[PDB]
Amino acid sequence: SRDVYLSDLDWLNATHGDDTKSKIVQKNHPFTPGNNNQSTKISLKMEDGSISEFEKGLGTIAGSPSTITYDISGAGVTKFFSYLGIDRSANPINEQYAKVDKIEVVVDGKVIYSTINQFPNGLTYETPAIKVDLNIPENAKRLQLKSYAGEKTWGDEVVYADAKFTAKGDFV
Ligand SMILES: [Ca+2]
């Protein structure tokens with residue numbers, strides 16, 4: 001029926017790998033700038049080599065995993081769309097920073113998408129934005145966005161840029 005940005009909904013919970021455990025996943029901003037009350041927009045390097053800034057999305061720090069969970073029961077979600085990448089605001093000091101093992105989209109406990117298959121070496125600061133367009137099973141109740149930091153969480157500014165559902169209904 002219409003597109004509904006995930007950042008325009010409330011999550012059930014949203015964990016992240018940051019050292020400051022009272023920081024929170026950010027709506028429409030990358031994680032660290034967002035928590036620092038900066039206006040900085042989410043931005044990624046695209047396949048065509050340009051940097052795109054996004055109006056909407058989610059910013060987290062990858063964890064073991066970081067898990068952002070939505071109740072989509074009754075909402076008639078048929079599609080999930082997002083770009084995935086490390087936000088340009090991350091500081092890629094060296095190979096140890098901004099290195100994410102994988103990102104998964106999970107629906108009612110089942111992984112329906114993982115970067116691991118096309119991205120066997122994970123994501124890093126140089127990885128171009130990953131375009132994800134997914135069919136969502138009918139009558140689904142829970143959708144989770146999981147990002148896996150691997151060895152360390154340093155610089156793992158994971159953003160789900162322009163993350164939105166196609167949905168028929170009202171959300172809980
Ligand atoms: Ca990492």
# chains A, B, ... in the order shown; residues from 1 in each chain; ligands from 1

$ residues_around --residues "region 75-78 of chain A" --least-positions-apart "3" --cutoff "9 Å" --atoms "only C-alpha atoms" --output "number ranges by chain"
A: 1, 71-72, 134-141, 165-172

$ residues_around --residues "region 80-95 of chain A" --least-positions-apart "4" --cutoff "6 Å" --atoms "only C-alpha atoms" --output "PyMOL selection string"
chain A and resi 43-44+125+129-134+155+157-165

$ residues_near_ligand --ligand "ligand 1" --cutoff "12 Å" --atoms "only C-alpha atoms and all ligand atoms" --output "PyMOL selection string"
chain A and resi 17-18+61-66+86+90+92+94-103+121-125+147-158

$ write_last_selection --atoms "C-alpha atoms" --output "PDB file, in the first residue's frame"
ATOM      1  CA  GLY A  17      28.122  -2.877  20.107  1.00  0.00           C
ATOM      2  CA  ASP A  18      29.092   0.541  21.502  1.00  0.00           C
ATOM      3  CA  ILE A  61      27.353   0.015  15.951  1.00  0.00           C
ATOM      4  CA  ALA A  62      27.813  -3.656  14.932  1.00  0.00           C
ATOM      5  CA  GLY A  63      27.874  -6.105  17.829  1.00  0.00           C
ATOM      6  CA  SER A  64      27.734  -9.755  18.690  1.00  0.00           C
ATOM      7  CA  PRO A  65      25.285  -9.207  17.011  1.00  0.00           C
ATOM      8  CA  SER A  66      23.660  -5.808  17.143  1.00  0.00           C
ATOM      9  CA  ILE A  86      29.665   1.681   6.911  1.00  0.00           C
ATOM     10  CA  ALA A  90      33.461   6.300  10.538  1.00  0.00           C
ATOM     11  CA  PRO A  92      39.001   4.116   9.058  1.00  0.00           C
ATOM     12  CA  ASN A  94      43.566   1.199   9.974  1.00  0.00           C
ATOM     13  CA  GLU A  95      42.398  -2.319   8.858  1.00  0.00           C
ATOM     14  CA  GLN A  96      41.201  -3.021  12.414  1.00  0.00           C
ATOM     15  CA  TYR A  97      38.473  -0.388  12.256  1.00  0.00           C
ATOM     16  CA  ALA A  98      35.235  -0.271  10.233  1.00  0.00           C
ATOM     17  CA  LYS A  99      35.254  -4.011   9.514  1.00  0.00           C
ATOM     18  CA  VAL A 100      31.940  -5.802   9.759  1.00  0.00           C
ATOM     19  CA  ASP A 101      31.683  -9.596   9.341  1.00  0.00           C
ATOM     20  CA  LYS A 102      28.175  -9.624   7.972  1.00  0.00           C
ATOM     21  CA  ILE A 103      24.642  -8.249   8.146  1.00  0.00           C
ATOM     22  CA  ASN A 121      35.231 -10.958   3.414  1.00  0.00           C
ATOM     23  CA  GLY A 122      32.611  -8.787   5.194  1.00  0.00           C
ATOM     24  CA  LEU A 123      32.148  -5.081   4.775  1.00  0.00           C
ATOM     25  CA  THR A 124      34.799  -2.419   5.293  1.00  0.00           C
ATOM     26  CA  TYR A 125      35.050   1.301   4.707  1.00  0.00           C
ATOM     27  CA  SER A 147      25.058  -6.658  12.252  1.00  0.00           C
ATOM     28  CA  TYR A 148      28.085  -8.634  13.377  1.00  0.00           C
ATOM     29  CA  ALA A 149      31.144  -6.744  14.458  1.00  0.00           C
ATOM     30  CA  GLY A 150      33.629  -9.670  14.261  1.00  0.00           C
ATOM     31  CA  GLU A 151      36.846  -9.238  16.250  1.00  0.00           C
ATOM     32  CA  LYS A 152      36.305  -5.665  17.549  1.00  0.00           C
ATOM     33  CA  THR A 153      33.484  -3.037  17.348  1.00  0.00           C
ATOM     34  CA  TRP A 154      35.913  -0.208  16.481  1.00  0.00           C
ATOM     35  CA  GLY A 155      34.532   2.087  13.776  1.00  0.00           C
ATOM     36  CA  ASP A 156      31.713  -0.299  12.951  1.00  0.00           C
ATOM     37  CA  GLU A 157      29.226   2.536  12.108  1.00  0.00           C
ATOM     38  CA  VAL A 158      26.661   0.343  10.339  1.00  0.00           C
TER      39      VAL A 158
END

$ select_by_dssp --residues "chain A" --states "helix (DSSP H, G or I)" --output "VMD selection string"
chain A and resid 6 to 8 31 to 35

$ write_last_selection --atoms "C-alpha atoms" --output "mmCIF file, in the first residue's frame"
data_model
loop_
_atom_site.group_PDB
_atom_site.id
_atom_site.type_symbol
_atom_site.label_atom_id
_atom_site.label_comp_id
_atom_site.auth_asym_id
_atom_site.auth_seq_id
_atom_site.Cartn_x
_atom_site.Cartn_y
_atom_site.Cartn_z
ATOM 1 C CA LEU A 6 11.770 1.807 9.604
ATOM 2 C CA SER A 7 13.114 4.924 11.315
ATOM 3 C CA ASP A 8 9.433 6.152 11.329
ATOM 4 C CA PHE A 31 25.299 6.194 15.443
ATOM 5 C CA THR A 32 28.176 8.226 16.900
ATOM 6 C CA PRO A 33 27.264 11.678 15.420
ATOM 7 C CA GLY A 34 23.557 10.970 16.302
ATOM 8 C CA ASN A 35 24.356 10.244 19.957
#

$ atom_distance --atom1 "CA of residue 21 (chain A)" --atom2 "CA of residue 120 (chain A)"
29.5 Å

$ select_by_dssp --residues "region 22-172 of chain A" --states "strand (DSSP E or B)" --output "PyMOL selection string"
chain A and resi 26-27+42-45+51-54+57-61+63+66-71+77-86+99-100+102-107+110-114+123-124+130-135+142-148+157-167

$ residues_around --residues "residue 41 (chain A)" --least-positions-apart "2" --cutoff "7 Å" --atoms "only C-alpha atoms" --output "list in words"
residues 28, 29, 30, 39, 43, 53, 54 and 55 of chain A

$ write_last_selection --atoms "N, CA and C atoms" --output "short mmCIF file (atom, residue, chain, number, x, y, z; two decimals), in the first residue's frame"
data_model
loop_
_atom_site.label_atom_id
_atom_site.label_comp_id
_atom_site.auth_asym_id
_atom_site.auth_seq_id
_atom_site.Cartn_x
_atom_site.Cartn_y
_atom_site.Cartn_z
N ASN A 28 17.79 8.18 11.48
CA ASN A 28 18.13 9.15 10.43
C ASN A 28 19.46 9.84 10.62
N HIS A 29 20.33 9.22 11.42
CA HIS A 29 21.66 9.72 11.63
C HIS A 29 22.56 8.50 11.88
N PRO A 30 23.84 8.62 11.52
CA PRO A 30 24.77 7.53 11.94
C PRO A 30 24.89 7.53 13.47
N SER A 39 23.83 17.03 13.50
CA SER A 39 22.82 16.98 12.42
C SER A 39 23.27 16.08 11.25
N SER A 43 25.41 8.68 5.32
CA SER A 43 25.97 8.78 3.96
C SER A 43 26.86 7.59 3.66
N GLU A 53 24.01 11.18 0.45
CA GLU A 53 23.46 11.44 1.77
C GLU A 53 22.01 10.99 1.75
N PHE A 54 21.53 10.43 2.86
CA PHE A 54 20.17 9.90 2.91
C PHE A 54 19.33 10.67 3.91
N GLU A 55 18.04 10.84 3.60
CA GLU A 55 17.15 11.60 4.52
C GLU A 55 16.73 10.73 5.69
#

$ residues_around --residues "residue 110 (chain A)" --least-positions-apart "5" --cutoff "10 Å" --atoms "only C-alpha atoms" --output "list in words"
residues 104, 105, 143 and 144 of chain A

$ atom_distance --atom1 "CA of residue 146 (chain A)" --atom2 "CA of residue 112 (chain A)"
11.6 Å

$ atom_distance --atom1 "CA of residue 4 (chain A)" --atom2 "CA of residue 49 (chain A)"
27.8 Å
